[PDB]
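From first to last, the protein sequence lines stand for chains A and B. FYI, in UniProt numbering the residues of the first sequence are 6 to 175, 186 to 372. FYI, in UniProt numbering the residues of the second sequence are 6 to 175, 186 to 372.
2 protein chains.
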Amino acid sequence: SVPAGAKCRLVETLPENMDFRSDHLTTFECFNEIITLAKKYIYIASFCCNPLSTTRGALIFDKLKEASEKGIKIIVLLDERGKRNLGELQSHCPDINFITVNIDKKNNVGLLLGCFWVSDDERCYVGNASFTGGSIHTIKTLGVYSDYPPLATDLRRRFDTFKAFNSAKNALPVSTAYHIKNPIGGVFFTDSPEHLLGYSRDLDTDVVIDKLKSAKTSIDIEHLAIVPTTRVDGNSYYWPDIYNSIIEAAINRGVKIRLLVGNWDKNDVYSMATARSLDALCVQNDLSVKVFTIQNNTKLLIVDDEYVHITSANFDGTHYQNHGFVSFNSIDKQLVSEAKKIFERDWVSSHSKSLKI
Amino acid sequence: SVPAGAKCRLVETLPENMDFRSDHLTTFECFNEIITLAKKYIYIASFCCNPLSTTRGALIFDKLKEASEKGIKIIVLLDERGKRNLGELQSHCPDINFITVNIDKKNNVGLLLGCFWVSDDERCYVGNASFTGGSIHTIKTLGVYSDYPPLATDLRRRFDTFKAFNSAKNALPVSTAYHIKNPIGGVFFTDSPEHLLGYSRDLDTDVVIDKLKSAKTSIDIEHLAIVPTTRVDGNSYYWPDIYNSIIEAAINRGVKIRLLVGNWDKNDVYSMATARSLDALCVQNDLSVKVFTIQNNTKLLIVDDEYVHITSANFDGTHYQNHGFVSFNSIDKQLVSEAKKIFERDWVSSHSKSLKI
Ligand SMILES: Cc1ccc(NS(=O)(=O)c2c(C(=O)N3CCCCCC3)c(C)n(C)c2C)c(Cl)c1
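1) In chain order, which alpha helix (DSSP H) runs of at least 4 residues are fully inside the region 7 to 90 of chain A?
2) Per the contact definition of three or more C-beta pairs closer than 8 Å, is the region 304 to 317 of chain B in contact with the region 106 to 119 of chain B?
3) Give a yes or no on whether 7 Å exceeds the smallest Cβ distance from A192 (chain B) to chain A.
4) Okay, do the region 315 to 329 of chain B and the region 128 to 135 of chain B touch, 3+ Cβ pairs below 8 Å being the bar?
5) In chain order, what residues of the region 240 to 251 of chain B put their CB closer than 8 Å to some CB of chain A?
6) Could you tell me whether the Cβ of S292 (chain A) comes closer than 7 Å to any Cβ of chain B?
7) Please check if any C-beta of chain A sits within less than 7 Å of the C-beta of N282 (chain B).
8) Identify each residue in the region 260 to 274 of chain A for which the Cβ-Cβ distance to at least one residue of chain B is less than 7 Å, and report them in chain order.
9) When you compare the region 58 to 78 of chain B with the region 96 to 108 of chain B, are there three or more beta-carbon pairs, one atom per stretch, that lie closer than 8 Å?
10) Confirm the yes/no value for this check: CB of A295 (chain A), any heavy atom of ligand 1, distance under 6 Å.
11) For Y258 (chain A), does the three-state DSSP call read helix, strand or coil?
12) Would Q299 (chain B) pass as an interface residue toward chain A - the criterion being a Cβ-Cβ separation below 7 Å?
13) Which residues in the same chain have their Cβ closer than 6 Å to the Cβ of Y153 (chain B), if we skip the five residues on either side of it in sequence?
14) Just to make sure I have the definition right: I need the residues of chain B whose C-beta is within less than 7 Å of the C-beta of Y253 (chain A). Which are they?
15) Under 7 Å, do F52 (chain B) and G76 (chain B) count as touching if we go by C-beta distance?
16) Sorted by chain position, which residues of the same chain lie with C-beta nearer than 8 Å to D219 (chain A)'s C-beta, five sequence neighbours on each side aside?
17) Checking 7 Å against the spacing of the C-beta atoms, do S172 (chain B) and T105 (chain B) come in under that value?
18) Have a look at A:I261, A:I195, A:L19 and flag the residue whose alpha-carbon is nearest the alpha-carbon of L227 (chain A).
19) Using the Cα positions of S215 (chain B) and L187 (chain B), report the straight-line distance between them to the nearest angstrom.
20) Taking the alpha-carbon positions, what's the residue 181 (chain B) to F66 (chain A) distance?
21) Looking only at C-alpha atoms, which of A:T31, A:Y285, A:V222, A:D221 sits nearest to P243 (chain A)?
22) Comparing the C-beta of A9 (chain A) with each C-beta of chain B, is any distance below 7 Å?
23) Note down, one range per segment and in chain order, each alpha helix (DSSP H) of at least 4 residues found wholly within the region 199 to 238 of chain A.
24) Helix, strand or coil for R268 (chain B)? Go by DSSP, reduced to three states.
25) Let me check understanding here. Comparing Cα to Cα, which of B:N113, B:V7, B:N55 lies closest to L91 (chain B)?
26) Taking a Cβ distance cut-off of 8 Å, strictly less, list which residues of the region 42 to 58 of chain B are near chain A, in chain order.
27) Less than 7 Å between C-beta atoms, sequence neighbours within five positions excluded: which residues of the same chain meet that for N300 (chain A)?
28) By a C-beta neighbour count over all protein chains shown, 10 Å radius and 16 as the cutoff for buried, is residue 383 (chain A) buried or exposed?
29) Taking the alpha carbon of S124 (chain B) as the point to measure from, which residue in B:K45, B:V306, B:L211 has its own alpha carbon closest?
30) Looking only at its own chain, which residues have a Cβ that is under 6 Å from the Cβ of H366 (chain B), when we skip the five neighbours before and after it?
31) Is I80 (chain B) near ligand 1, in the sense that its beta carbon is under 6 Å from a heavy atom of that ligand?
32) Just to confirm my understanding: we take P8 (chain B), look at its own chain, exclude 5 residues before and 5 after, and list those with CB closer than 8 Å. What are they?
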């Protein structure tokens with residue numbers, strides 16, 4: 006049979022200078038386990054690659070260096086804008102193959118996110134902890150680890166999609192085995208963007224909005240910002256698709272929504288008006304907003320204590336229209352309950368003060 | 006052949022205590038002309054009916070009283086909530102047939118607006134000047150008069166739709192002759208709501224949003240409010256469909272938009288957040304907002320100096336989802352240019368101060 010939850014367990018980074026405590030697997034322990042149990046390959050993908058920035062990030066880079074010398078095919082995908090440290094990486098690991106990826110060469114807007122590991126088509130990690138020393142040591146992250154072969158194999162097919170966009174000289188099946196119409200143990204992957212989706216994969220933009228509109232009781236979102244206007248290039252881009260489905264739940268359906276976003280800029284007139292209007296919604300409706308100032312890459316979504324959505328991208332226009340990433344989705348009640356515990360901890364954390372304007 | 010503009014001319018009410026001046030036909034002159042030239046019937050429809058509130062409104066009620074005594078079938082449609090003056094009306098005009106209409110007996114939300122006259126299938130008026138003494142004398146209104154038989158006949162078919170919903174005891188073809196796909200002289204009627212639209216008529220909600228998204232240069236709107244949340248019954252109703260298409264034009268397409276809305280309530284947390292965010296958009300984009308405090312029923316929309324939309328309803332959720340009304344639409348360059356002159360006059364009027372918060 007198929008195990009419930011697809012052998013998935015929560016993984017996150019809790020720095021020492023932060024009051025976050027949990028019994029889940031740490032990101033440092035997760036990456037070290039993938040390298041130790043590696044017998045065939047290690048495929049890593051993220052935007053920026055800079056493990057040598059912290060102590061724990063350098064140890065993971067050393068275990069990965071020893072793996073490539075033992076005969077393990079290690080491929081690291083990184084967007085061509087995180088190419089600043091490329092000369093530093095190849096000088097330390099001549100065996101690890103580093104590949105610069107530009108998924109959007111037509112307009113140069115789409116960035117490579119992804120943020121996932123996969124090894125031997127058995128073990129894998131999916132979260133917002135990039136291959137940087139910060140995400141492993143000093144920055145709060147969140148993700149899921151799974152040693153289930155059928156699930157990690159479906160994630161490796163996502164790696165084959167992004168690998169084809171290497172910036173070198175000159186067929187892609189865009190294959191998937193599980194989606195919202197056929198999950199594996201109550202777990203499936205949503206993908207992005209739409210022009211790289213193919214015909215079988217599920218667009219993460221549609222799946223998130225569908226779960227936001229199908230909400231019945233609670234909506235818990237811990238992202239960096241929900242400001243529906245993000246500045247692409249040097250101009251403003253208005254995209255309230257996710258921002259509307261949330262307020263539609265709080266006003267029309269009376270959903271108790273708690274948003275934990277990062278602190279906004281005092282000079283950004285766009286983030287100012289977004290915040291002052293969320294302040295007015297907390298008075299009339301059951302909306303609650305708290306802000307944080309720490310370095311946190313967590314992108315969490317929980318609906319009705321029944322569905323969970325952990326991703327590396329942020330709920331905004333720039334990400335869900337151009338950026339390419341893989342998002343974790345699960346409806347397993349036992350796995351969602353563990354994610355609910357994480358949001359309750361962060362909501363009352365000392366680093367989460369109530370929104371004041 | 007067919008005349009350009011479909012024999013349409015602008016009609017409005019400019020009270021003496023207001024600095025509004027124009028050479029167009031007045032509403033008092035318009036209603037008096039329809040009654041004088043009446044030879045068969047006079048069909049009137051509006052929400053509230055109270056002509057005896059002002060002097061000019063009483064004169065129109067006297068000319069209409071003399072018409073019913075001369076042998077003219079006069080039918081007055083009014084929503085069952087404007088029924089307070091019904092006993093006062095029938096006591097003064099026993100020949101005029103007054104009919105109470107409730108277009109929404111399932112949920113009791115949809116109100117009868119319409120706000121139009123039609124006589125002999127030749128002359129007609131379409132605007133926001135209800136059959137009240139205020140709309141004729143003391144309240145600024147706006148509308149269009151046309152003695153073109155093919156156009157007034159298409160408006161009378163709208164009267165046959167609302168007349169069928171009389172609250173008395175117990186087939187409706189919902190016929191139309193002209194729409195956006197087949198205008199008459201560059202003029203057509205959009206209708207509302209959707210459950211009374213039939214299969215041939217055009218929903219005003221779709222036509223307005225289509226013209227708002229197809230804007231290329233300018234958007235001029237003079238309505239009562241653009242607050243995307245209106246309180247139905249005793250609860251809040253979130254509906255940003257029109258509010259999104261406007262901001263999508265100003266931010267994504269850089270459309271110079273000038274909104275002339277009424278003053279908002281200091282205690283309405285919903286209108287407060289709506290205003291403070293329009294204030295932030297005027298700083299970054301080319302948006303301009305001015306507010307008025309006078310009694311004004313004008314509902315005007317001008318796009319690219321090429322399309323005009325005069326209606327009796329307001330751009331909000333309660334109206335374009337339940338209320339039943341008929342809206343005037345025209346693409347005639349000569350008629351739109353005259354409407355542009357009206358908006359420019361109102362934008363710099365003494366009753367239109369810049370939005371301040
Ligand atoms: C960057 C930026 C700049 C301005 C705004 N403006 S806005 O007022 O905050 C707003 C809201 C909004 O939150 N309210 C709250 C109060 C009542 C419910 C309607 C209005 C919505 C739903 N939309 C579609 C907009 C545009 C925004 Cl959202 C973002």
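By construction, the Cβ of each residue, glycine as well, lies at the ideal position given by its N, Cα and C atoms.
On the basis of the coordinates in this document:
1) 32 to 41, 60 to 75
2) no
3) no
4) yes
5) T244, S251
6) yes
7) no
8) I262, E263, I266, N267
9) yes
10) yes
11) Reduced to three states, the DSSP call for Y258 (chain A) is helix.
12) Interface with chain A (7 Å Cβ-Cβ cutoff): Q299 (chain B) is included.
13) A11, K12
14) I262, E263, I266, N267
15) no
16) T205, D206, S207, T326, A328, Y335, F340, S342
17) yes
18) A:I261
19) 13 Å
20) Any question about the placement of residue 181 (chain B) has no answer from these coordinates, since chain B jumps from 175 to 186.
21) A:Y285
22) no
23) Along the length of the region 199 to 238 of chain A, whole alpha helix (DSSP H) runs at least 4 residues long occupy 219 to 228, reported in chain order.
24) Coil at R268 (chain B), not helix or strand.
25) B:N55
26) none
27) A265, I266
28) Given a span of 6 to 372 for chain A in the structure shown, any question on residue 383 (chain A) remains unanswerable.
29) Among B:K45, B:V306, B:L211, the Cα nearest to that of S124 (chain B) belongs to B:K45.
30) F307, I309
31) Not under cutoff, so the answer is no.
32) Once the five neighbours on either side are set aside, the close Cβ partners of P8 (chain B) are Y153, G200.
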